[PDB]
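In case it helps, the deposited numbering puts the sequence shown at residues 1 to 17, 19 to 35.
C-beta atoms are modelled at their ideal positions from N, C-alpha and C, and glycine is treated no differently.
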Amino acid sequence: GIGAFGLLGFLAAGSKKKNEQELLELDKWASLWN
């Protein structure tokens, strides 16, 4: 009804620039290299 998918985008905004989660997501990124 509200839209929890809106915070998702904002969450990614953080990844752009502290949190284990963001780090876990970054790992998957670098994972590409590996």
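Determine the extent of the alpha helix (DSSP H) in which residue i is found, giving its start and end residues.
| i | result |
| --- | --- |
| residue 6 | 5 to 16 |
| residue 29 | 21 to 32 |
By how many angstroms is the C-alpha of residue j removed from the C-alpha of residue i?
| i | j | result |
| --- | --- | --- |
| residue 35 | residue 28 | 10 Å |
| residue 5 | residue 32 | 25 Å |
| residue 3 | residue 12 | 16 Å |
| residue 25 | residue 15 | 10 Å |
| residue 9 | residue 30 | 17 Å |
| residue 23 | residue 1 | 27 Å |
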